[PDB]
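Remarks on the structure that follows.
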Amino acid sequence: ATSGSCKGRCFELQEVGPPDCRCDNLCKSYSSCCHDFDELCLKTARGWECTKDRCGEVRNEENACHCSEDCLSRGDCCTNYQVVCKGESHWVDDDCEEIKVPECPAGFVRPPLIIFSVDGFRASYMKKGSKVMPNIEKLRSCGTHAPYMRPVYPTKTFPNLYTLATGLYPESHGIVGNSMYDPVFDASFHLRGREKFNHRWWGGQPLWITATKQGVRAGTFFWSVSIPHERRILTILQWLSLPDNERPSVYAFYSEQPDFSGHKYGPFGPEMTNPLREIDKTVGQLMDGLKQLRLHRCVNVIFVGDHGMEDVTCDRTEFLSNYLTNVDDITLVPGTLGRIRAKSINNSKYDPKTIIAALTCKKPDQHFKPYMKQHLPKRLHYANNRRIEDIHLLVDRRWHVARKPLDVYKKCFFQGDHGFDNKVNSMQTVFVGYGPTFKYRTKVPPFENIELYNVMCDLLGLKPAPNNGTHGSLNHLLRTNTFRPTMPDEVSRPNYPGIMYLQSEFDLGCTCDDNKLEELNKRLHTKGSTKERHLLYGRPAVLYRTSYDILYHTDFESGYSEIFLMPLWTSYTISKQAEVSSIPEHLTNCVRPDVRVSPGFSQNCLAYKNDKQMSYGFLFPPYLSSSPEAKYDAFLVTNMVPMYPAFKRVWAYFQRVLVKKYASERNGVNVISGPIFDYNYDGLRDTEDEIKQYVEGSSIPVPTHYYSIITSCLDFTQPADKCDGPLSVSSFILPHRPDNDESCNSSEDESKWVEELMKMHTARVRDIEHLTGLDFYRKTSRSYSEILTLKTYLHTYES
Ligand SMILES: *[C@@H]1O[C@H](CO)[C@@H](O[C@@H]2O[C@H](CO)[C@@H](O[C@@H]3O[C@H](CO[C@H]4O[C@H](CO)[C@@H](O)[C@H](O[C@H]5O[C@H](CO)[C@@H](O)[C@H](O)[C@@H]5O[C@H]5O[C@H](CO)[C@@H](O)[C@H](O)[C@@H]5O)[C@@H]4O)[C@@H](O)[C@H](O[C@H]4O[C@H](CO)[C@@H](O)[C@H](O)[C@@H]4O[C@H]4O[C@H](CO)[C@@H](O)[C@H](O)[C@@H]4O)[C@@H]3O)[C@H](O)[C@H]2NC(C)=O)[C@H](O)[C@H]1NC(C)=O
Ligand SMILES: O=C(COCCc1cnn[nH]1)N1Cc2cnc(NC3Cc4ccccc4C3)nc2C1
Ligand SMILES: [Ca+2]
Ligand SMILES: [Ca+2]
Ligand SMILES: [K+]
Ligand code: NA
Ligand SMILES: [Zn+2]
Numbered sequence: 001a002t003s004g005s006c007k008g009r010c011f012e013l014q015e016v017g018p019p020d021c022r023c024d025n026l027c028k029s030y031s032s033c034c035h036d037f038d039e040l041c042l043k044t045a046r047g048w049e050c051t052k053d054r055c056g057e058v059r060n061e062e063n064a065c066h067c068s069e070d071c072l073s074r075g076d077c078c079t080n081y082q083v084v085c086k087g088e089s090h091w092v093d094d095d096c097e098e099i100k101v102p103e104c105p106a107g108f109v110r111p112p113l114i115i116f117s118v119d120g121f122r123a124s125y126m127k128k129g130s131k132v133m134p135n136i137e138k139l140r141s142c143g144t145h146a147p148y149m150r151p152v153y154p155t156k157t158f159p160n161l162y163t164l165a166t167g168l169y170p171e172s173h174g175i176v177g178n179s180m181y182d183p184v185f186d187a188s189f190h191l192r193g194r195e196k197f198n199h200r201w202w203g204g205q206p207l208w209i210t211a212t213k214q215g216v217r218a219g220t221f222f223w224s225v226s227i228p229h230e231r232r233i234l235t236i237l238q239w240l241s242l243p244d245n246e247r248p249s250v251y252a253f254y255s256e257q258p259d260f261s262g263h264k265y266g267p268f269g270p271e272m273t274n275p276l277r278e279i280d281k282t283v284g285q286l287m288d289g290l291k292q293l294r295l296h297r298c299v300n301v302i303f304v305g306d307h308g309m310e311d312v313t314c315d316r317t318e319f320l321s322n323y324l325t326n327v328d329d330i331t332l333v334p335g336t337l338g339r340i341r342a343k344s345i346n347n348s349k350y351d352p353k354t355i356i357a358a359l360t361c362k363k364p365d366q367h368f369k370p371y372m373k374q375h376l377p378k379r380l381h382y383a384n385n386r387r388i389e390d391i392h393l394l395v396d397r398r399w400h401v402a403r404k405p406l407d408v409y410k411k412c413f414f415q416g417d418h419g420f421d422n423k424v425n426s427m428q429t430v431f432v433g434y435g436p437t438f439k440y441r442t443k444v445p446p447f448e449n450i451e452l453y454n455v456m457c458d459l460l461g462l463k464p465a466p467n468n469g470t471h472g473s474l475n476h477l478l479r480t481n482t483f484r485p486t487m488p489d490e491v492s493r494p495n496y497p498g499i500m501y502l503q504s505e506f507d508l509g510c511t512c513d514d515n516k517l518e519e520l521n522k523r524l525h526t527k528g529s530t531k532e533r534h535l536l537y538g539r540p541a542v543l544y545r546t547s548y549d550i551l552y553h554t555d556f557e558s559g560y561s562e563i564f565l566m567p568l569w570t571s572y573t574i575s576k577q578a579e580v581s582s583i584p585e586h587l588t589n590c591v592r593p594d595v596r597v598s599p600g601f602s603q604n605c606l607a608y609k610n611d612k613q614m615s616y617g618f619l620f621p622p623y624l625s626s627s628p629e630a631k632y633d634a635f636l637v638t639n640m641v642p643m644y645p646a647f648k649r650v651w652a653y654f655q656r657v658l659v660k661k662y663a664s665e666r667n668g669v670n671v672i673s674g675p676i677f678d679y680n681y682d683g684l685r686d687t688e689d690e691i692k693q694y695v696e697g698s699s700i701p702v703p704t705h706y707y708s709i710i711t712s713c714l715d716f717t718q719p720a721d722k723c724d725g726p727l728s729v730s731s732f733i734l735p736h737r738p739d740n741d742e743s744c745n746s747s748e749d750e751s752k753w754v755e756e757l758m759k760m761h762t763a764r765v766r767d768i769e770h771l772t773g774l775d776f777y778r779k780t781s782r783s784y785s786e787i788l789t790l791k792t793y794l795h796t797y798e799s
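For what it's worth, this note's numbering labels the leading residue of the sequence shown as 1, then goes sequentially.
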């Protein structure tokens with residue numbers, strides 16, 4: 001009903017209620033603007049730059065921007081007004097000067113935040129395009145920057161922008177791809193069209209809502225595509241001239257480039273120089289505009305991308321028609337990832353298991369790998385949403401997957417794409433922060449985009465809604481406004497059992513072929529005399545209510561769950577000089593009752609004998625015993641965990657070969673290993689009534705995963721157990737699977753496939769914290785913020 005008018009309402013901030021016509025920055029997208037929106041609000045006359053002959057002109061209100069004497073007071077000068085007409089310098093030509101305090105106009109309650117978001121801005125553009133992006137390069141060198149910023153999976157636009165806005169993984173915010181089916185709604189979300197505007201898709205609490213709820217006004221973050229960039233910038237700078245009571249504190253600009261061109265020309269096509277130059281010019285406009293308004297040393301600016309861009313061509317497409325015979329009974333969400341479901345919910349013939357097998361290791365150079373979503377690397381956090389199909393295809397970088405060839409030529413064109421695994425170098429993107437609240441000329445380590453919501457809340461004095469960041473892990477980016485977290489309180493205190501049971505009280509079906517000077521010696525070990533060696537960073541805290549026992553040994557310390565009948569964690573340190581030994585022949589099947597732990601809170605060997613699918617392994621490896629006599633400790637029933645034979649191939653190679661490899665490379669390592677139970681694939685520790693599988697005929701729960709956290713000195717001239725400074729960590733969460741079908745080369749020796757498996761399942765300490773309810777690194781000499789940064793680190797193994 002578009003017969004109202006935008007007179008006095010151009011880019012109004014509160015969207016008004018239909019059937020009233022709209023004048024906001026989204027009205028175009030809803031085909032809902034007032035009849036006169038173009039005429040009044042999208043003025044273009046005379047373009048975007050003052051020229052010497054316009055200087056001091058008489059205001060003509062038709063003009064796109066103004067060069068008249070009254071423009072600064074009206075807040076609508078062209079951004080280069082002061083340069084052309086008042087002998088000022090462009091911002092980019094001024095020397096960098098530390099911004100120690102906000103230098104703001106009277107009436108500003110807080111430094112505004114401007115988020116300058118760029119689509120497809122691959123991390124290596126900062127170096128490779130540096131000659132053509134002077135404004136961006138100045139932000140980067142003068143402010144705070146990371147070498148790259150890791151997006152979320154899938155590395156698609158809307159998932160990543162909405163993660164930037166919420167601090168949530170896609171599985172939690174609900175935007176799990178650029179297209180989606182929700183079976184509860186029975187509704188589909190797509191790029192073209194109108195279902196995507198329905199608020200039911202968009203979960204969590206984005207920043208603009210966080211701000212508004214806490215009394216901080218926000219600019220609208222979404223811009224209709226036909227609003228030119230120059231007008232987006234002028235609109236931000238006009239909002240910044242509003243009266244104090246009406247002026248927002250937070251704003252966003254969005255550019256469709258360089259992604260748009262990247263799809264057509266590839267990430268480094270010669271056609272890509274011009275898009276980068278144009279984005280740089282836009283930054284130049286904003287910064288000159290801010291300088292004219294005396295806000296260039298007041299506003300915090302974030303320059304951030306959503307994802308990178310890889311080389312991808314029509315010829316590098318895998319077709320499911322080459323694998324499946326039944327291709328017409330499936331629906332594929334295709335491209336740089338695959339999602340499969342049945343075409344019809346009425347077809348009771350459809351079998352996921354037979355689709356997975358038809359897609360598993362079928363061609364020698366196969367460029368995708370099928371997964372049930374719960375088997376995807378836990379670092380992707382891509383499973384706990386009904387909109388994510390059970391069957392997933394992880395597509396190799398530089399490829400696509402499509403159902404049938406006709407899907408590719410009845411739709412070559414494109415040379416770039418994105419969406420792959422968020423660890424891929426080509427998918428990484430950019431972060432720069434510049435302003436009074438950011439540090440000066442500071443480089444920070446790469447970090448994940450899920451962290452930025454909390455920092456944007458810190459920048460605006462807002463309490464963040466509950467999110468997937470680790471608040472405090474990015475304190476090192478900030479001069480002021482840091483968030484001073486406290487360590488979580490321990491909820492369950494351990495028991496410290498002594499010798500309480502005689503050997504003959506145990507009837508576990510286990511067998512094992514097993515001085516005065518050093519009778520004293522081993523009592524001291526059982527009491528915790530080596531614990532300083534093996535537990536370097538304090539006991540992990542247990543953050544839920546449970547019953548557990550600390551068990552000390554010569555070579556390792558454990559926290560043993562009376563509820564799960566196995567350790568929650570097992571801690572041990574392996575020096576650079578440590579020797580690997582074998583399991584002696586007489587000890588191959590040895591399992592020994594632990595006289596500190598009741599038969600009733602023990603595992604039993606008969607269950608493993610009866611369970612024809614399930615075997616067992618050990619958390620502290622017998623191979624790394626300090627002596628023949630200490631080795632007996634490794635065969636305690638309290639160090640045993642359930643393991644599928646297929647998984648024991650992986651585990652044994654880790655423990656026999658890789659631990660000592662790491663200790664020799666890193667100058668000792670401290671290892672914490674344990675089980676994980678996540679049968680509902682939510683990324684969070686299961687309660688015991690959530691466990692779906694037990695060792696047959698027993699109450700021994702079967703883990704879904706095994707973790708290890710491997711810590712050493714960042715200065716590897718110091719040994720792990722005498723480190724004065726910062727730490728270095730790598731971690732994994734390995735799937736506990738009954739086959740090695742994930743690894744196509746598993747018939748080969750473990751030296752050819754195990755380590756590549758472990759790399760794929762690399763993890764953050766924080767990932768393990770969520771999955772176990774444990775809190776690590778409780779007793780170090782480091783600041784808590786530094787430890788939080790360490791807990792968020794991911795070792796990615798990219799070149
Ligand atoms: C990443 O960070 C996020 C945010 O912190 C973490 O997610 C949170 O985790 C909590 C635990 O899983 C969860 O808390 C539960 O929420 C229920 C209330 O939920 C609504 O209200 C909130 C608040 O405004 C809202 O955010 C929710 O939004 C979700 O759902 C809507 C759809 O309505 C989506 O638009 C939105 O995208 C979001 O979806 C995501 O989360 C849901 C779960 O809520 C998933 O199903 C989706 O797939 C998607 O991932 C909701 O609108 C509350 O009812 C729960 O309490 C029950 O559960 C326990 C038992 O387990 C029990 O103590 C209670 O008594 C109660 O039990 C009864 O209900 C049971 C379940 O129905 C029933 O079976 C029993 O028999 C009982 O009757 C619970 O507190 C919180 O909602 C989410 N939040 C978000 C935004 O996702 C996430 O864990 C972090 N990830 C990692 C790895 O750390
Ligand atoms: O059309 C899309 C996306 O299309 C996907 C298609 C595609 C294919 N390959 N690549 N992309 N748009 C239009 C649009 C408008 N305005 C914003 N504003 C942003 C600014 C900002 C800053 C922080 C957090 C959130 C936001 C939202 N974002 C967008 C994204
Ligand atoms: Ca994008
Ligand atoms: Ca769980
Ligand atoms: K068995
Ligand atoms: Na295999
Ligand atoms: Zn794109």
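We put the CB at the ideal spot given by N, CA and C, even for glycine.
- For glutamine 257, the uninterrupted beta strand (DSSP E) run begins and ends at 250 to 258, by DSSP.
- In the three-state reduction of the DSSP assignment, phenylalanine 647 falls in the helix class.
- Annotated three-state conformation of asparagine 63 is strand, per DSSP.
- Boundaries of the alpha helix (DSSP H) harbouring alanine 165: 157 to 166, taken from the DSSP string.
- Counting only residues of its own chain and dropping the five nearest sequence neighbours on each side, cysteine 71 has a CB closer than 7 Å to the CB of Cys77 and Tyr81.
- The beta carbon of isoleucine 115 sits closer than 7 Å to at least one heavy atom of ligand 2.
- DSSP, read as helix, strand or coil, puts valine 491 in coil.
- In the structure shown, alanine 663 falls within a helical segment according to DSSP collapsed to helix, strand and coil.
- The residues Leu565, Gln603, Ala607, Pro642 and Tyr694, in chain order, have a CB closer than 7 Å to that of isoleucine 700 in the same chain once the five nearest residues on each side in sequence are set aside.
- The three-state secondary structure of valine 729, taken from DSSP, is strand.
- Within its own chain, the residues whose Cβ lies closer than 6 Å to the Cβ of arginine 387, once the five positions on either side in sequence are excluded, are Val176, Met180 and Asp182, listed in chain order.
- Here the alpha carbon of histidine 296 sits roughly 26 Å from the alpha carbon of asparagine 274.
- In its chain, beyond the 5 residues on either side, no residue has a beta carbon closer than 7 Å to the beta carbon of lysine 127.
- Apart from sequence neighbours up to five positions away, the residues of its chain that approach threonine 792 with a beta-carbon distance below 6 Å are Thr470, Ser473, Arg764 and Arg766, ordered along the chain.
- A heavy atom of ligand 2 is found nearer than 7 Å to the CB of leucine 161.
- Listed in chain order, the non-local C-beta contacts of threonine 313 below 7 Å within the same chain comprise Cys412 and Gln415, local neighbours out to five positions each way being set aside.
- Where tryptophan 569 is concerned, the enclosing beta strand (DSSP E) starts and stops at 566 to 574.
- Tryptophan 239 and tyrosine 251 do touch by the CB rule: their CB atoms are close to 7 Å apart, below 8 Å.
- Excluding residues up to 5 positions away in sequence, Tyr251 lie with their Cβ nearer than 6 Å to the Cβ of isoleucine 236 in the same chain.
- With a contact defined as Cβ atoms closer than 8 Å, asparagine 467 and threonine 166 qualify at about 6 Å.
- Inside the region 374 to 423, DSSP marks whole alpha helix (DSSP H) runs of 4 or more residues at positions 406 to 409, from first to last along the chain.
- Distance check between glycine 87 and each of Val152, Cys50, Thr511 and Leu324 places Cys50 closest, using alpha-carbon atoms only.
- DSSP, reduced to helix, strand and coil, places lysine 369 within a strand of the structure shown.
- In the three-state reduction of the DSSP assignment, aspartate 329 falls in the helix class.
- Counting C-beta pairs with one atom in each stretch, the region 476 to 491 and the region 501 to 516 have fewer than three that are closer than 8 Å, which means they do not touch.
- Taking C-beta atoms as the reference points, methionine 760 and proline 377 count as a pair closer than 8 Å.
- Taking a cut-off of 8 Å for Cβ pairs, the region 323 to 340 and the region 349 to 358 touch, as three or more such pairs fall below it.
- Within a 10 Å sphere around the beta-carbon of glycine 725 sit fewer than 16 other beta-carbons, which makes this residue exposed.
- Of all residues, those with a beta-carbon under 6 Å from at least one heavy atom of ligand 6 are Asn740, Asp741, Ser743, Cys744 and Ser746, reported in chain order.
- A Cβ-Cβ contact shorter than 8 Å links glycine 433 with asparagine 300.
- A direct Cα-Cα distance of roughly 16 Å separates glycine 498 from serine 561.
- Restricting attention to beta strand (DSSP E) runs no shorter than 3 residues, the region 234 to 303 encloses them at 250 to 258, ordered along the chain.
- Not one heavy atom of ligand 1 is found less than 7 Å from the C-beta of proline 18.
- For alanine 383, the CB contacts under 7 Å within the same chain, skipping 5 residues up- and downstream, are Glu171, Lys373, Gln374, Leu376 and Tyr681 in chain order.
- With contacts defined by Cβ atoms closer than 8 Å, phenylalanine 556 and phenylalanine 635 do not form a contacting pair.
- Taking all protein chains in view, the Cβ of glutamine 205 is crowded by 16 or more other Cβ atoms within 10 Å, so the residue is classified as buried.
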